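Residues 1 to 69 (the deposited numbering) make up the sequence shown, in order.
Everything below concerns the one structure shown next.
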Amino acid sequence: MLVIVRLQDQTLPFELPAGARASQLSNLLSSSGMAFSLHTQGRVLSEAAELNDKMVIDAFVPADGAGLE
Numbered sequence: 001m002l003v004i005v006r007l008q009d010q011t012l013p014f015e016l017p018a019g020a021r022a023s024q025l026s027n028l029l030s031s032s033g034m035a036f037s038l039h040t041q042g043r044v045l046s047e048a049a050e051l052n053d054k055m056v057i058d059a060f061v062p063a064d065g066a067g068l069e
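Below, the structure written as structure tokens:
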């Protein structure tokens, strides 16, 4: 399945296995040096969350003071 991971202020697609889930995805991104939250549809993704192919995941990174606005 395909997953469009959106970075703080950037966009980058990701190739996932069949019937993949937030678990596998989180792993791929986790493998890298950076590690931020990955939620979609304005809601957090469950470890067993399985959307589908050609999906979109919003990657939110931690900031100072969380974020007022």
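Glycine included, every Cβ here is placed at the ideal spot set by N, Cα and C.
Assignment of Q10 by DSSP, reduced to helix, strand and coil, places it in the strand class.
By the beta-carbon neighbour count (other beta carbons within 10 angstroms, threshold 16), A20 is buried. A residue is called buried when at least 16 other Cβ atoms come within 10 angstroms of its Cβ; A63 does not meet this threshold and is exposed. Shown here, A49 sits in coil according to DSSP, grouped into three states, outside any helix or strand. Excluding the 5 residues flanking it on each side, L2 has same chain C-beta neighbours closer than 8 Å at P13, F14, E15, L16, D53, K54 and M55, in chain order. Between the alpha carbons of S37 and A18 lies a distance of about 23 Å. 8 Å or more divides the Cβ of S32 from the Cβ of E47.
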